[PDB]
Amino acid sequence: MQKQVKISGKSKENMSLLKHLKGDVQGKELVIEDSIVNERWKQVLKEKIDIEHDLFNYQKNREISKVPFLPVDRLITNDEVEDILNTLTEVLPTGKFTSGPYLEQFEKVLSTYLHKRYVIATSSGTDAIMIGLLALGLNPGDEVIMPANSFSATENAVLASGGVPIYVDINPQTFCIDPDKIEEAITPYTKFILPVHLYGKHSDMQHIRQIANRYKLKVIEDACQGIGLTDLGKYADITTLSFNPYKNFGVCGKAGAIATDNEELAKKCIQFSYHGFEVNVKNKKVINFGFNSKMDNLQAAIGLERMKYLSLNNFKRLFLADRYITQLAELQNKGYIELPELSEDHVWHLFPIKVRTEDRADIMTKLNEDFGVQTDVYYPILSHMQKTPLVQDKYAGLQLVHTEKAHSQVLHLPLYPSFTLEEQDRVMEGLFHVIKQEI
Amino acid sequence: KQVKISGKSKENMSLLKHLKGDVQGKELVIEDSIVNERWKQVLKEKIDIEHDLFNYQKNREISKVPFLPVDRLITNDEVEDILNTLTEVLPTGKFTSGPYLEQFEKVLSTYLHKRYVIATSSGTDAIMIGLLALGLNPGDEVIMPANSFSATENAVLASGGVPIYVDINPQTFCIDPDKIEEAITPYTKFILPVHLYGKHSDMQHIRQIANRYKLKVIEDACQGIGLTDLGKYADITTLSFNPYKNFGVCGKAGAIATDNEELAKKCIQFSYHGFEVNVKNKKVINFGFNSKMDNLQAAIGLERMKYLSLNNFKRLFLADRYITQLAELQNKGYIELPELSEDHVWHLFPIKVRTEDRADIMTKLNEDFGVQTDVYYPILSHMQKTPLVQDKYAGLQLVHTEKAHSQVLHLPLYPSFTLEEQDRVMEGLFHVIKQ
Ligand SMILES: Cc1ncc(COP(=O)(O)O)c(CN)c1O
Ligand SMILES: Cc1ncc(COP(=O)(O)O)c(CN)c1O
Ligand SMILES: [Cl-]
Ligand SMILES: [Cl-]
Ligand SMILES: [Cl-]
Ligand SMILES: [Cl-]
């Protein structure tokens, strides 16, 4: 009796798929979930697959002299462009670019994909967080517990709506908020915990929800880099997503989403997202104010096209990350670097290794100068280290030991779905070469 | 001798006079501007406006006149320009930041005669960021009218500002400068006039008051693109490029324009996460937003902007045709018509009817003649049913605003509207009012 292998495109299921697509028999046991996110799989999976050749067109003998970290022209493929041009041919003459039926359809599709009853699509991930906090009842002075290593948009969303960030240390291996440091930071002004699934890695949400239940806190998660994570939002009151062009799934402009199972909360999000108006009643305010922060109908139509590539693209990211972890194994075994763990709760938006603090600048310089290999560090400045009057006045004396140590060690290697395996070879070879010459 | 064509409201008025036989000079000179590009394909020496710009079909069968059919606010010609530019934009993979964004800001700068332009994700965001850049702190008071779209007050409230509502001039629908000083308190920091319906507020008088009391002036010109001397007396000028404006993109966008460099710097910092200008991830102020205009929309706007001068002129022609053709209804005192003024771009066309008759007029136009009208906007700021209003604005009376609010009626007016539809609107109004 054969166990079926459900292809949802989610992170846990992709992990089994990786094993099966590596093997010789790829038959009826592989069942493609009837979803828009799986559309590009449908055609690919009609035949037996060799991953290297069929998904990556591996050309080991193609000479490579430069490896850009993130060439944006390669983040969108010719087939996506043709798809998008086709849909726009129909959307443009409708004259509906802000409100419209593609926006509504896009929200339903996300709702089904996320298993969340209500989805409110927004004009950015930053707006989603900001509106989410307000809809959850954030008042000026309310404290929000969060990590200090996220992109600046996370703290800005708290600050913009009047909140007070309270920074807490991360787990230095996962780069996510350490749930064992959270309870320490709770005061009578704490109302929120805002975990970030940094680089695509899922935070320890079950533990976080336990602390939150204990102290009656609300949980809003920044999953802007985590689309595709299995069980996303299971333990959160609000989930926020970004669809900016650099994400695992993005549109052609700024956009994001709020997702929730709570109807009263959803309604408030809608009200905040559109001028404080009663839902579907233009010009009639039912709350003090709101923003102009719904997603555009035009981007929604674009999103319905690009979403067709998501499951395949997340799978290719997983393959790339597995290949890094396996081929670089020796550098970790001998204790020169730390590799991320090949886990089910990661969608590989970014790929972090850790190197020695004292060597990082030189490792980066040598990869670039000697081998044309570009790497990067997301993000260069920690929240409590920003040179702002707020930080200077209120965040002096703060020490986050693990966060600061990890921040000095982390190095991101190129990884995106249209990256080639032969570029990756170059990255890995160069890494072996420069690390060995550090010793 | 030369009749210069800028596309701006004053020159448009002289062009109109000139083309109606009232000669203003000899040689038509089309200024070399992006906003005039499409004018060049239709504007000839012996132009017949009714035929050459409107393709007037006196006898075309009409059974409905929609107030604002959104599919007709973008032409087939625009759709093709847009598809063509997107064919080149899409493969670059640059959709947020990028070179079209920078070019679009440059082009707006030249057109508006403002040194710095910061293109934003919406007009609402432009106002919000402009207020903050100008130094709005929570509790600071902002003098403003109560008859604008809710976006204006929301931009103040979102940053914790405090709206102070003042009465309007009931003929112009704009903030009455003679009611401003009255409302000034030690907490007042800004005046925020609105060029409502596309009518220019009395900015000179407003600036005199501002200087006297050391206030800042940020104007909501989201409906006023094309006004001659827009921003001459303002510290910050805000625009919207939403698809319903005199010029719009294909999504949300707006702009802040200013001549002040330090202000511009602050606007950029607030518009993008509080980062140092052009230096990602390095904050120099406490926080910012994700509120720049998208590169993709700027590519679209660079195409749609080519139709602006032509479209604004068409709006003027329509407004002038309404005012001339409906004259009798005003002469006999049945309605009031807007004044044919150089300082208007006719985003909306407001007439005034009797308070007690407006509902019936609207119903009879629609039911008997399929003529749809509307009222922008249905609810005044101090009459919204919110907790802030009940706690802060209780008992406020704005006599002229409230009266005008009960009287105003908007007639269909947009660049692609037809003269045959307009005839139906006008004959309908005559037949309804007589009866
Ligand atoms: C962790 C994180 N949170 C929030 C955001 C903000 O998302 P958006 O750009 O759609 O505003 C980003 C975008 N880089 C992000 O990476
Ligand atoms: C007078 C006025 N002010 C501000 C705005 C807000 O502009 P946007 O829709 O681009 O946010 C509008 C849009 N209707 C407006 O009409
Ligand atoms: Cl929904
Ligand atoms: Cl730092
Ligand atoms: Cl500029
Ligand atoms: Cl009202």
# chains A, B, ... in the order shown; residues from 1 in each chain; ligands from 1
$ interface_residues --of "chain B" --to "chain A" --cutoff "6 Å" --atoms "only C-alpha atoms" --output "PyMOL selection string"
chain B and resi 70-71+92-93+95-96+154+250-251+283-287+294+386+388
$ write_last_selection --atoms "N, CA, C and O atoms" --output "JSON list (two decimals), in the first residue's frame"
[["chain", "number", "residue", "atom", "x", "y", "z"],
["B", 70, "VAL", "N", -15.80, 54.14, -15.79],
["B", 70, "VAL", "CA", -14.34, 54.03, -15.63],
["B", 70, "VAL", "C", -13.59, 53.50, -16.85],
["B", 70, "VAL", "O", -12.44, 53.84, -17.04],
["B", 71, "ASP", "N", -14.25, 52.67, -17.66],
["B", 71, "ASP", "CA", -13.64, 52.12, -18.86],
["B", 71, "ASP", "C", -13.38, 53.21, -19.91],
["B", 71, "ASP", "O", -12.57, 53.03, -20.82],
["B", 92, "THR", "N", 13.22, 44.29, -17.67],
["B", 92, "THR", "CA", 14.26, 44.86, -16.83],
["B", 92, "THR", "C", 14.17, 44.31, -15.40],
["B", 92, "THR", "O", 15.17, 44.31, -14.67],
["B", 93, "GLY", "N", 12.99, 43.83, -15.00],
["B", 93, "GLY", "CA", 12.77, 43.34, -13.64],
["B", 93, "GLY", "C", 12.73, 44.42, -12.56],
["B", 93, "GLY", "O", 12.75, 44.11, -11.36],
["B", 95, "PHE", "N", 10.67, 47.24, -10.75],
["B", 95, "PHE", "CA", 9.26, 47.60, -10.64],
["B", 95, "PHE", "C", 8.98, 48.55, -9.48],
["B", 95, "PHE", "O", 7.95, 49.23, -9.45],
["B", 96, "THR", "N", 9.88, 48.60, -8.51],
["B", 96, "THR", "CA", 9.75, 49.56, -7.42],
["B", 96, "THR", "C", 10.68, 50.75, -7.65],
["B", 96, "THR", "O", 10.24, 51.80, -8.13],
["B", 154, "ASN", "N", -7.67, 62.49, 7.05],
["B", 154, "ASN", "CA", -7.03, 61.24, 7.46],
["B", 154, "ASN", "C", -5.51, 61.37, 7.49],
["B", 154, "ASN", "O", -4.86, 60.84, 8.39],
["B", 250, "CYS", "N", -2.12, 53.87, -13.60],
["B", 250, "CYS", "CA", -2.97, 52.69, -13.59],
["B", 250, "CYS", "C", -2.85, 51.97, -12.25],
["B", 250, "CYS", "O", -2.52, 50.78, -12.18],
["B", 251, "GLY", "N", -3.13, 52.71, -11.19],
["B", 251, "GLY", "CA", -2.97, 52.23, -9.83],
["B", 251, "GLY", "C", -2.89, 53.46, -8.95],
["B", 251, "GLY", "O", -3.22, 54.56, -9.40],
["B", 283, "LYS", "N", 19.22, 54.25, 8.84],
["B", 283, "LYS", "CA", 18.25, 55.23, 9.31],
["B", 283, "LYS", "C", 18.91, 56.50, 9.85],
["B", 283, "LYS", "O", 19.94, 56.44, 10.52],
["B", 284, "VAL", "N", 18.32, 57.65, 9.52],
["B", 284, "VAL", "CA", 18.78, 58.93, 10.07],
["B", 284, "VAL", "C", 17.67, 59.69, 10.81],
["B", 284, "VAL", "O", 17.94, 60.64, 11.53],
["B", 285, "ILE", "N", 16.42, 59.27, 10.63],
["B", 285, "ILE", "CA", 15.32, 59.73, 11.47],
["B", 285, "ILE", "C", 14.64, 58.52, 12.13],
["B", 285, "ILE", "O", 14.92, 57.38, 11.78],
["B", 286, "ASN", "N", 13.76, 58.78, 13.09],
["B", 286, "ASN", "CA", 13.22, 57.73, 13.96],
["B", 286, "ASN", "C", 12.48, 56.62, 13.21],
["B", 286, "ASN", "O", 12.62, 55.46, 13.53],
["B", 287, "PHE", "N", 11.69, 56.99, 12.20],
["B", 287, "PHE", "CA", 11.02, 56.00, 11.39],
["B", 287, "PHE", "C", 10.62, 56.59, 10.05],
["B", 287, "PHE", "O", 10.65, 57.79, 9.86],
["B", 294, "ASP", "N", 5.88, 53.49, -7.46],
["B", 294, "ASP", "CA", 6.56, 52.39, -8.15],
["B", 294, "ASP", "C", 7.12, 52.80, -9.51],
["B", 294, "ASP", "O", 6.47, 53.54, -10.25],
["B", 386, "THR", "N", -18.01, 59.30, 14.29],
["B", 386, "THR", "CA", -16.85, 58.63, 14.88],
["B", 386, "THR", "C", -16.68, 59.12, 16.31],
["B", 386, "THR", "O", -17.20, 60.18, 16.67],
["B", 388, "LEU", "N", -13.93, 60.33, 17.81],
["B", 388, "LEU", "CA", -13.21, 61.60, 17.79],
["B", 388, "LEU", "C", -14.12, 62.80, 17.50],
["B", 388, "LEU", "O", -13.99, 63.84, 18.13]]
$ residues_around --residues "residue 200 of chain B" --least-positions-apart "6" --cutoff "12 Å" --atoms "only C-alpha atoms" --output "JSON, numbers by chain"
{"B": [9, 10, 172, 173, 174, 175, 193, 194, 206, 219, 220, 221, 222, 223, 224, 225, 226, 227, 228, 229, 230, 231, 232, 233, 341, 342, 343, 344, 345, 346, 347]}
$ write_last_selection --atoms "C-alpha atoms" --output "CSV table (one decimal), in the first residue's frame"
chain,number,residue,atom,x,y,z
B,9,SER,CA,-5.3,76.8,-17.0
B,10,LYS,CA,-4.6,80.4,-17.9
B,172,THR,CA,-16.0,78.8,-4.7
B,173,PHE,CA,-16.3,75.8,-2.3
B,174,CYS,CA,-12.8,76.6,-1.1
B,175,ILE,CA,-11.7,77.6,2.4
B,193,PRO,CA,-6.3,74.6,1.8
B,194,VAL,CA,-7.9,72.3,-0.7
B,206,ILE,CA,-3.8,82.6,2.7
B,219,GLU,CA,-1.9,72.5,-0.1
B,220,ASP,CA,-4.1,69.6,-1.2
B,221,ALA,CA,-4.0,70.0,-5.0
B,222,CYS,CA,-4.9,66.4,-5.6
B,223,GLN,CA,-7.7,67.6,-7.9
B,224,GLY,CA,-5.8,70.6,-9.4
B,225,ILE,CA,-3.0,69.5,-11.7
B,226,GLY,CA,-2.7,72.1,-14.5
B,227,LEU,CA,-3.6,75.2,-12.4
B,228,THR,CA,-1.5,78.2,-13.5
B,229,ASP,CA,0.9,79.2,-10.6
B,230,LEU,CA,0.1,76.0,-8.6
B,231,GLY,CA,2.3,76.1,-5.5
B,232,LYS,CA,3.5,79.7,-5.9
B,233,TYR,CA,2.6,80.5,-2.2
B,341,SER,CA,-12.5,81.3,-14.5
B,342,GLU,CA,-8.9,80.9,-15.5
B,343,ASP,CA,-8.1,79.4,-12.1
B,344,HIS,CA,-10.0,76.2,-12.5
B,345,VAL,CA,-9.2,72.9,-14.2
B,346,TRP,CA,-12.7,71.4,-13.9
B,347,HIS,CA,-12.0,68.1,-12.3
$ closest_residue --among "B:213, B:275, B:289, B:104" --to "ligand 1" --atoms "only C-alpha atoms and all ligand atoms"
B:289
$ select_by_dssp --residues "segment 83-249 of chain B" --states "helix (DSSP H, G or I)" --output "number ranges by chain"
B: 83-92, 99-112, 123-133, 151-158, 177-179, 181-183, 196-198, 203-212
$ atom_distance --atom1 "atom CA of residue 240 of chain A" --atom2 "atom CA of residue 222 of chain A"
5.4 Å
$ residues_near_ligand --ligand "ligand 6" --cutoff "7 Å" --atoms "only C-alpha atoms and all ligand atoms" --output "number ranges by chain"
B: 378-380, 383
$ closest_atom_pairs --of "chain B" --to "ligand 2" --cutoff "10 Å" --atoms "only C-alpha atoms and all ligand atoms" --output "CSV"
residue,atom,partner,partner_atom_place_in_ligand_line,distance
B:120,CA,ligand 2,10 (O),8.8
B:121,CA,ligand 2,10 (O),7.6
B:122,CA,ligand 2,10 (O),3.9
B:123,CA,ligand 2,10 (O),3.5
B:124,CA,ligand 2,11 (O),3.8
B:125,CA,ligand 2,11 (O),6.5
B:126,CA,ligand 2,11 (O),8.0
B:127,CA,ligand 2,4 (C),7.8
B:147,CA,ligand 2,1 (C),9.1
B:148,CA,ligand 2,1 (C),5.5
B:149,CA,ligand 2,1 (C),5.2
B:150,CA,ligand 2,4 (C),7.6
B:151,CA,ligand 2,4 (C),5.0
B:152,CA,ligand 2,3 (N),5.2
B:153,CA,ligand 2,4 (C),8.9
B:154,CA,ligand 2,4 (C),9.3
B:155,CA,ligand 2,4 (C),8.7
B:193,CA,ligand 2,1 (C),9.8
B:194,CA,ligand 2,1 (C),6.4
B:195,CA,ligand 2,1 (C),7.1
B:196,CA,ligand 2,1 (C),5.9
B:197,CA,ligand 2,1 (C),7.5
B:198,CA,ligand 2,1 (C),8.6
B:219,CA,ligand 2,3 (N),9.5
B:220,CA,ligand 2,3 (N),5.8
B:221,CA,ligand 2,1 (C),6.8
B:222,CA,ligand 2,3 (N),4.9
B:223,CA,ligand 2,1 (C),5.6
B:224,CA,ligand 2,1 (C),8.6
B:238,CA,ligand 2,4 (C),8.3
B:239,CA,ligand 2,10 (O),7.3
B:240,CA,ligand 2,10 (O),4.0
B:241,CA,ligand 2,10 (O),5.7
B:242,CA,ligand 2,10 (O),4.9
B:243,CA,ligand 2,10 (O),8.6
B:244,CA,ligand 2,14 (N),7.8
B:245,CA,ligand 2,13 (C),7.9
B:248,CA,ligand 2,10 (O),9.1
B:251,CA,ligand 2,10 (O),9.1
B:252,CA,ligand 2,10 (O),5.8
B:253,CA,ligand 2,10 (O),5.5
B:254,CA,ligand 2,10 (O),5.4
B:255,CA,ligand 2,10 (O),8.7
B:347,CA,ligand 2,16 (O),9.4
B:376,CA,ligand 2,16 (O),9.2
B:377,CA,ligand 2,16 (O),9.7
$ write_last_selection --atoms "C-alpha atoms" --output "mmCIF file, in the first residue's frame"
data_model
loop_
_atom_site.group_PDB
_atom_site.id
_atom_site.type_symbol
_atom_site.label_atom_id
_atom_site.label_comp_id
_atom_site.auth_asym_id
_atom_site.auth_seq_id
_atom_site.Cartn_x
_atom_site.Cartn_y
_atom_site.Cartn_z
ATOM 1 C CA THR B 120 4.618 58.818 -3.627
ATOM 2 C CA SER B 121 2.393 55.730 -3.389
ATOM 3 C CA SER B 122 -0.693 57.988 -3.176
ATOM 4 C CA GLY B 123 -1.930 61.544 -2.691
ATOM 5 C CA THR B 124 -2.933 60.604 0.858
ATOM 6 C CA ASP B 125 0.650 59.578 1.556
ATOM 7 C CA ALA B 126 1.984 62.802 0.003
ATOM 8 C CA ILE B 127 -0.051 64.889 2.457
ATOM 9 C CA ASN B 147 -15.937 69.532 2.706
ATOM 10 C CA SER B 148 -12.967 67.682 1.195
ATOM 11 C CA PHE B 149 -12.644 63.941 0.543
ATOM 12 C CA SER B 150 -11.908 62.125 3.824
ATOM 13 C CA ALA B 151 -8.317 61.534 2.675
ATOM 14 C CA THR B 152 -7.342 65.101 3.583
ATOM 15 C CA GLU B 153 -8.260 64.856 7.299
ATOM 16 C CA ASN B 154 -7.034 61.244 7.463
ATOM 17 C CA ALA B 155 -3.521 62.311 6.457
ATOM 18 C CA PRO B 193 -6.251 74.573 1.811
ATOM 19 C CA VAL B 194 -7.922 72.290 -0.719
ATOM 20 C CA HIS B 195 -8.371 73.173 -4.382
ATOM 21 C CA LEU B 196 -11.745 71.447 -4.330
ATOM 22 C CA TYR B 197 -13.232 70.258 -7.656
ATOM 23 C CA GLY B 198 -10.156 71.723 -9.344
ATOM 24 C CA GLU B 219 -1.926 72.544 -0.120
ATOM 25 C CA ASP B 220 -4.051 69.622 -1.191
ATOM 26 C CA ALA B 221 -3.977 70.025 -4.968
ATOM 27 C CA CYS B 222 -4.871 66.387 -5.575
ATOM 28 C CA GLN B 223 -7.676 67.614 -7.901
ATOM 29 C CA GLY B 224 -5.829 70.600 -9.356
ATOM 30 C CA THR B 238 0.513 67.641 -3.049
ATOM 31 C CA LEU B 239 -0.907 65.797 -6.045
ATOM 32 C CA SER B 240 -2.710 62.523 -6.655
ATOM 33 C CA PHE B 241 -2.255 60.430 -9.773
ATOM 34 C CA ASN B 242 -5.084 58.001 -9.030
ATOM 35 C CA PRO B 243 -6.940 56.797 -12.153
ATOM 36 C CA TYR B 244 -9.807 59.296 -11.688
ATOM 37 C CA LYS B 245 -7.709 62.476 -11.659
ATOM 38 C CA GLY B 248 -3.684 59.502 -13.539
ATOM 39 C CA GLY B 251 -2.967 52.233 -9.825
ATOM 40 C CA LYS B 252 -2.280 54.456 -6.831
ATOM 41 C CA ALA B 253 0.356 57.212 -6.816
ATOM 42 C CA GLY B 254 0.922 60.835 -5.856
ATOM 43 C CA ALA B 255 3.586 63.510 -5.443
ATOM 44 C CA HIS B 347 -11.989 68.061 -12.254
ATOM 45 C CA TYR B 376 -19.019 64.943 -3.913
ATOM 46 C CA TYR B 377 -19.026 64.340 -1.010
#
$ closest_residue --among "B:12, B:159, B:324, B:109" --to "ligand 5" --atoms "only C-alpha atoms and all ligand atoms"
B:109
$ closest_atom_pairs --of "chain B" --to "ligand 5" --cutoff "10 Å" --atoms "only C-alpha atoms and all ligand atoms" --output "CSV"
residue,atom,partner,partner_atom_place_in_ligand_line,distance
B:102,CA,ligand 5,1 (Cl),7.6
B:103,CA,ligand 5,1 (Cl),8.9
B:104,CA,ligand 5,1 (Cl),8.8
B:105,CA,ligand 5,1 (Cl),5.2
B:106,CA,ligand 5,1 (Cl),5.4
B:107,CA,ligand 5,1 (Cl),8.6
B:108,CA,ligand 5,1 (Cl),7.9
B:109,CA,ligand 5,1 (Cl),6.0
B:110,CA,ligand 5,1 (Cl),9.2
B:114,CA,ligand 5,1 (Cl),8.2
B:115,CA,ligand 5,1 (Cl),6.3
B:116,CA,ligand 5,1 (Cl),3.8
B:117,CA,ligand 5,1 (Cl),3.9
B:118,CA,ligand 5,1 (Cl),6.1
B:119,CA,ligand 5,1 (Cl),8.5
B:256,CA,ligand 5,1 (Cl),9.5
B:257,CA,ligand 5,1 (Cl),8.0
B:258,CA,ligand 5,1 (Cl),9.0
B:259,CA,ligand 5,1 (Cl),9.7
B:261,CA,ligand 5,1 (Cl),9.9
B:264,CA,ligand 5,1 (Cl),8.4
$ residues_around --residues "residue 433 of chain A" --least-positions-apart "5" --cutoff "12 Å" --atoms "only C-alpha atoms" --output "MDAnalysis selection string"
chainID A and resid 328 331 363 366:367 370:371 426:428 438:439
$ atom_distance --atom1 "atom CA of residue 120 of chain A" --atom2 "atom CA of residue 242 of chain A"
12.0 Å
$ residues_around --residues "residue 374 of chain A" --least-positions-apart "6" --cutoff "12 Å" --atoms "only C-alpha atoms" --output "number ranges by chain"
A: 65-71, 363-368, 411-415, 423-424, 426-428, 430-431
